[PDB]
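The sequence shown begins at 8 in the authors' numbering and counts up one residue at a time.
Working notes, beginning with the structure itself.
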Amino acid sequence: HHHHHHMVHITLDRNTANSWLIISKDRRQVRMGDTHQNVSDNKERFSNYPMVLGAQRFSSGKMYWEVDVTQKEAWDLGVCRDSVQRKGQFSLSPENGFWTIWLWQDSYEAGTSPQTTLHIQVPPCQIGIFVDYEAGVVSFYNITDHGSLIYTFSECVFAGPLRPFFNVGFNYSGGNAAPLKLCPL
Ligand SMILES: C[C@H](CS(N)(=O)=O)c1ccccc1
């Protein structure tokens with residue numbers, strides 16, 4: 008892919024974060040805390056899962072960013088509608104306004120309904136996410152493996168502004184404490 012020149016500077020929006028997340032001062036890193044992080048509740052916060060949105064909203068054009076997933080056992084990454092449900096249980100699917108991939112229990116899967124098996128030969132330490140709003144495209148690239156394609160959602164019905172989407176995952180095992188990091192341009 009030659010998508011790097013659509014690079015955008017993504018920062019995390021503290022106000023959307025699950026109350027157990029810790030977002031770094033520079034708003035470029037997020038990790039699961041050991042407890043509630045002493046913030047007030049609000050209608051923006053994801054209640055049931057360790058999720059947070061980027062601050063940026065996209066309604067046109069081509070956008071690209073990269074995320075470091077080094078040493079994590081579980082995570083979800085991609086984009087979602089600004090209007091996604093925040094409270095209670097829900098599945099990550101395009102019908103619910105999410106275009107995502109994830110790692111769970113040693114397998115990679117795309118957030119279709121039902122979910123799709125990914126075929127990755129080189130476990131990625133960094134993921135590239137490309138959105139073409141007009142084309143209706145969300146693509147994922149394996150930066151560790153020379154930028155190889157992971158998955159393309161096409162014919163996407165965004166149906167509103169999009170936000171970068173993150174899930175640091177649970178840490179029940181004690182092996183998933185590591186942060187998600189937005190990598191420099
Ligand atoms: C209780 C856990 C923390 S952990 N480390 O994943 O066990 C949890 C926190 C926030 C949202 C959902 C779940």
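We put the beta carbon where it would ideally sit given N, CA and C, even for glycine.
Here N149 is buried, its C-beta having at least 16 other C-beta atoms within 10 Å.
Assignment of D152 by DSSP, reduced to helix, strand and coil, places it in the helix class. Taking a C-beta distance under 8 Å as the contact criterion, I136 and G176 do not qualify as a contact pair.
Residue pairing of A185 in beta bridges, as defined by DSSP: absent, with no partner found. The bridge partners DSSP lists for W106 are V86. Judged by their CB atoms, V74 and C190 are nearer to each other than the 8 Å cut-off.
Looking at the DSSP output, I157 shares a beta bridge with no other residue. For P186, the shortest separation between its Cβ and any heavy atom of ligand 1 does not lie below 7 Å.
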